[PDB]
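Data first, discussion second: the structure below is written as structure tokens.
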Amino acid sequence: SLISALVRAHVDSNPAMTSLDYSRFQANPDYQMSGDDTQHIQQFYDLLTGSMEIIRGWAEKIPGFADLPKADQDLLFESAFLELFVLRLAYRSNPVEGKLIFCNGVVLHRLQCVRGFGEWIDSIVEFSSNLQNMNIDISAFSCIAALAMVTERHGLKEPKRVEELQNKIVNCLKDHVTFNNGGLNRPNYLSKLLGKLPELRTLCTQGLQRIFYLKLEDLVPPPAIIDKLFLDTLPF
Ligand SMILES: *[C@@H]1C=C2C=C(O)C(=O)C=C2N1
Ligand SMILES: [K+]
């Protein structure tokens, strides 16, 4: 029941792997680089806001989420955007070829993303390599994604409703794993999957550091949506 909804949410919020536009894909480094930085910082901001709208649409397809106070929805979405963005990008990209595929089908090489993202893009590619080396199926990935957002957050109006949705999702992922791979559970696999979440939070704080650096540089000032994201995500 829940995993079907979660997988449909994922599928509906991801680009079909046949519409990948390799038009702005450039793999020659000598050409990969010489574009003034301004354009890359803007490209960075656009990728972030474009995936903000995509992922919010995904979040709205999570059974039970929409029944939560609108303020809780905004707190969960803003608190997890960076983690969602990093997880979804790392799951659909191709780390071995150094190819990044964003929430919209654009395929860029790592060396092109380094100009805008900073070293964080390398931390992202390493995360993609680690995540894919454990070959999570789509049902499991849709559950981890749901659990990355539907989790405890300070300043929540109704924390018990969220806690209930989280338990529902955790239990759904455990049932899928146990049924799929024999009546005998895989507690160790399960713990590695849930352990992928803290790594995601850190990748995120590393995204806040990249945004903070760009705000200080003041060359390509962060647009209103990124300014708000930065201030709203600040944990203190
Ligand atoms: C991305 C930004 C975060 C904000 C929080 O409140 C967390 O708990 C984790 C985060 N990583
Ligand atoms: K496809």
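Order determines the names: the first chain of the structure tokens is A, the second B, and so forth; residues in each chain are numbered 1 upward, and ligands are numbered 1 upward as they are shown.
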Checklist entry - Looking only at the backbone, which of the residues in region 4-224 of chain A does DSSP tag as strand (DSSP E or B), as a PyMOL selection string? => result chain A and resi 21+94+99-101+106-109
Checklist entry - Using only C-alpha atoms and all ligand atoms, which protein or nucleic acid residues are at most 7 Å from ligand 1, as a ChimeraX atom specification? => result /A:79-80,82-83,153,201-202,204-205,233-235
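When only C-alpha atoms and all ligand atoms are used to compute distances to ligand 2, the closest of the residues A:223, A:105, A:187, A:50 turns out to be A:105.
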Item to check | Test item: residues lying within 7 Å of ligand 2 with only C-alpha atoms and all ligand atoms, as a VMD selection string | outcome: chain A and resid 16 to 18
Checklist entry - DSSP on the backbone: what in region 37-177 of chain A comes out helix (DSSP H, G or I), as a ChimeraX atom specification? => result /A:37-60,65-67,70-92,95-97,110-117,120-132,138-149,159-177
Since we have the selection now, will you write its residues out, keeping C-alpha atoms, as a JSON list (two decimals), in the first residue's frame?
```json
[["chain", "number", "residue", "atom", "x", "y", "z"],
["A", 37, "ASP", "CA", 32.21, 32.12, -13.10],
["A", 38, "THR", "CA", 29.09, 34.33, -12.93],
["A", 39, "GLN", "CA", 27.25, 32.02, -15.36],
["A", 40, "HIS", "CA", 28.18, 28.99, -13.29],
["A", 41, "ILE", "CA", 27.05, 30.46, -10.01],
["A", 42, "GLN", "CA", 23.73, 31.30, -11.67],
["A", 43, "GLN", "CA", 23.53, 27.81, -13.18],
["A", 44, "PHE", "CA", 24.06, 26.50, -9.65],
["A", 45, "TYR", "CA", 21.24, 28.64, -8.19],
["A", 46, "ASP", "CA", 18.88, 27.62, -10.99],
["A", 47, "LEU", "CA", 19.55, 23.92, -10.49],
["A", 48, "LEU", "CA", 18.77, 24.32, -6.82],
["A", 49, "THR", "CA", 15.50, 26.20, -7.23],
["A", 50, "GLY", "CA", 14.35, 23.94, -10.10],
["A", 51, "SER", "CA", 14.82, 20.93, -7.90],
["A", 52, "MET", "CA", 13.15, 22.71, -5.01],
["A", 53, "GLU", "CA", 9.92, 22.88, -7.00],
["A", 54, "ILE", "CA", 10.31, 19.30, -8.29],
["A", 55, "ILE", "CA", 10.97, 17.79, -4.86],
["A", 56, "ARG", "CA", 8.15, 19.77, -3.25],
["A", 57, "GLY", "CA", 5.80, 18.18, -5.77],
["A", 58, "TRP", "CA", 7.24, 14.81, -4.76],
["A", 59, "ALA", "CA", 6.77, 15.55, -1.06],
["A", 60, "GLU", "CA", 3.07, 16.33, -1.65],
["A", 65, "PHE", "CA", 2.04, 14.39, 4.55],
["A", 66, "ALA", "CA", -0.65, 16.75, 3.23],
["A", 67, "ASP", "CA", -2.79, 16.03, 6.30],
["A", 70, "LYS", "CA", 0.85, 23.53, 6.54],
["A", 71, "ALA", "CA", 3.55, 24.85, 8.88],
["A", 72, "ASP", "CA", 4.82, 21.34, 9.54],
["A", 73, "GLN", "CA", 4.89, 20.64, 5.80],
["A", 74, "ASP", "CA", 6.99, 23.77, 5.24],
["A", 75, "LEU", "CA", 9.33, 22.91, 8.10],
["A", 76, "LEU", "CA", 9.89, 19.34, 6.89],
["A", 77, "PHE", "CA", 10.36, 20.35, 3.26],
["A", 78, "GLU", "CA", 12.74, 23.23, 3.99],
["A", 79, "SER", "CA", 14.68, 21.09, 6.47],
["A", 80, "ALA", "CA", 15.14, 18.23, 4.04],
["A", 81, "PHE", "CA", 15.47, 19.92, 0.63],
["A", 82, "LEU", "CA", 19.25, 19.71, 0.57],
["A", 83, "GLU", "CA", 19.20, 16.12, 1.71],
["A", 84, "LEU", "CA", 16.58, 15.17, -0.88],
["A", 85, "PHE", "CA", 18.44, 16.99, -3.63],
["A", 86, "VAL", "CA", 21.67, 15.22, -2.78],
["A", 87, "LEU", "CA", 20.09, 11.79, -2.39],
["A", 88, "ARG", "CA", 18.02, 11.91, -5.57],
["A", 89, "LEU", "CA", 20.94, 13.29, -7.57],
["A", 90, "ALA", "CA", 23.32, 10.65, -6.19],
["A", 91, "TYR", "CA", 20.86, 7.87, -6.83],
["A", 92, "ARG", "CA", 20.20, 8.74, -10.46],
["A", 95, "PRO", "CA", 29.53, 8.33, -10.58],
["A", 96, "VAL", "CA", 31.85, 6.02, -12.59],
["A", 97, "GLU", "CA", 31.63, 8.19, -15.70],
["A", 110, "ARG", "CA", 31.57, 16.65, -12.64],
["A", 111, "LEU", "CA", 34.25, 19.02, -13.97],
["A", 112, "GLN", "CA", 31.49, 21.35, -15.16],
["A", 113, "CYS", "CA", 29.68, 21.31, -11.84],
["A", 114, "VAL", "CA", 32.88, 22.00, -9.88],
["A", 115, "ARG", "CA", 32.93, 25.63, -11.00],
["A", 116, "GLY", "CA", 29.58, 26.33, -9.40],
["A", 117, "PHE", "CA", 29.15, 23.70, -6.67],
["A", 120, "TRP", "CA", 30.82, 19.72, -2.54],
["A", 121, "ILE", "CA", 30.23, 18.22, -6.00],
["A", 122, "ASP", "CA", 33.04, 15.76, -5.27],
["A", 123, "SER", "CA", 31.55, 14.89, -1.94],
["A", 124, "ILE", "CA", 28.32, 14.28, -3.84],
["A", 125, "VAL", "CA", 29.99, 12.01, -6.42],
["A", 126, "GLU", "CA", 31.63, 10.02, -3.65],
["A", 127, "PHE", "CA", 28.25, 9.65, -1.99],
["A", 128, "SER", "CA", 26.82, 8.44, -5.27],
["A", 129, "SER", "CA", 29.56, 5.82, -5.56],
["A", 130, "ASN", "CA", 28.93, 4.61, -2.00],
["A", 131, "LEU", "CA", 25.15, 4.62, -2.37],
["A", 132, "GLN", "CA", 25.19, 2.73, -5.65],
["A", 138, "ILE", "CA", 13.44, 1.36, -6.29],
["A", 139, "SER", "CA", 11.04, 0.38, -3.50],
["A", 140, "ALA", "CA", 13.76, 0.74, -0.88],
["A", 141, "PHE", "CA", 15.00, 4.01, -2.33],
["A", 142, "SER", "CA", 11.50, 5.47, -2.31],
["A", 143, "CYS", "CA", 11.28, 4.57, 1.35],
["A", 144, "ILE", "CA", 14.63, 6.06, 2.29],
["A", 145, "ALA", "CA", 13.67, 9.25, 0.47],
["A", 146, "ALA", "CA", 10.36, 9.44, 2.34],
["A", 147, "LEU", "CA", 12.19, 8.89, 5.65],
["A", 148, "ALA", "CA", 14.69, 11.62, 4.86],
["A", 149, "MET", "CA", 11.92, 14.20, 5.05],
["A", 159, "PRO", "CA", 5.34, 16.07, 16.23],
["A", 160, "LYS", "CA", 3.19, 12.99, 16.95],
["A", 161, "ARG", "CA", 1.59, 12.96, 13.50],
["A", 162, "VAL", "CA", 5.00, 13.12, 11.82],
["A", 163, "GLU", "CA", 6.40, 10.47, 14.17],
["A", 164, "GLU", "CA", 3.47, 8.26, 13.15],
["A", 165, "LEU", "CA", 4.10, 8.75, 9.43],
["A", 166, "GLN", "CA", 7.79, 8.04, 9.94],
["A", 167, "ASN", "CA", 7.08, 4.80, 11.77],
["A", 168, "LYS", "CA", 4.68, 3.84, 9.00],
["A", 169, "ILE", "CA", 7.40, 4.37, 6.41],
["A", 170, "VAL", "CA", 10.12, 2.63, 8.41],
["A", 171, "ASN", "CA", 7.86, -0.36, 9.01],
["A", 172, "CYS", "CA", 6.93, -0.43, 5.31],
["A", 173, "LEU", "CA", 10.56, -0.53, 4.28],
["A", 174, "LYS", "CA", 11.31, -3.26, 6.81],
["A", 175, "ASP", "CA", 8.38, -5.35, 5.62],
["A", 176, "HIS", "CA", 9.40, -4.93, 1.98],
["A", 177, "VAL", "CA", 12.97, -6.00, 2.80]]
```
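In terms of minimum interatomic distance to residue 15 (chain A), A:101 ranks closest within A:220, A:208, A:101, A:184, counting only C-alpha atoms.
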Residue contacts of region 22-26 of chain A (8 Å, only C-alpha atoms) excluding same-chain residues fewer than 5 positions away, as a PDB file with N, CA and C atoms, in the first residue's frame:
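Below you can see selection03.pdb, which holds the result:
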```pdb
ATOM      1  N   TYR A  31      37.659  22.839 -22.530  1.00  0.00           N
ATOM      2  CA  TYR A  31      36.439  23.574 -22.824  1.00  0.00           C
ATOM      3  C   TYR A  31      35.517  23.607 -21.611  1.00  0.00           C
ATOM      4  N   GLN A  32      35.466  22.497 -20.865  1.00  0.00           N
ATOM      5  CA  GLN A  32      34.670  22.421 -19.644  1.00  0.00           C
ATOM      6  C   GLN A  32      34.845  23.634 -18.750  1.00  0.00           C
ATOM      7  N   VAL A 106      18.944  17.129 -17.157  1.00  0.00           N
ATOM      8  CA  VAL A 106      20.179  17.705 -17.678  1.00  0.00           C
ATOM      9  C   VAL A 106      21.350  16.851 -17.215  1.00  0.00           C
ATOM     10  N   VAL A 107      22.245  16.500 -18.134  1.00  0.00           N
ATOM     11  CA  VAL A 107      23.405  15.683 -17.795  1.00  0.00           C
ATOM     12  C   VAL A 107      24.665  16.529 -17.936  1.00  0.00           C
ATOM     13  N   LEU A 108      25.313  16.831 -16.806  1.00  0.00           N
ATOM     14  CA  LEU A 108      26.556  17.593 -16.784  1.00  0.00           C
ATOM     15  C   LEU A 108      27.674  16.735 -16.220  1.00  0.00           C
ATOM     16  N   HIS A 109      28.898  17.052 -16.610  1.00  0.00           N
ATOM     17  CA  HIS A 109      30.015  16.299 -16.079  1.00  0.00           C
ATOM     18  C   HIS A 109      30.422  16.903 -14.738  1.00  0.00           C
ATOM     19  N   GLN A 112      32.239  20.157 -14.800  1.00  0.00           N
ATOM     20  CA  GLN A 112      31.495  21.353 -15.155  1.00  0.00           C
ATOM     21  C   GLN A 112      30.801  21.878 -13.917  1.00  0.00           C
TER      22      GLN A 112
END
```
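A straight line drawn from CA of residue 7 (chain A) to CA of residue 151 (chain A) is 18.6 Å long.
Proximity to residue 157 (chain A) was assessed for A:216, A:231, A:200, A:68 counting only C-alpha atoms; the smallest distance is recorded for A:68.
Nearest residue to residue 136 (chain A) among A:156, A:214, A:20, A:193 is A:193, counting only C-alpha atoms.
Note that the spacing between CA of residue 93 (chain A) and CA of residue 207 (chain A) amounts to 17.7 Å.
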Checklist outcome for this item: Of A:203, A:194, A:6, A:225, the one sitting nearest residue 63 (chain A) when using only C-alpha atoms is A:6
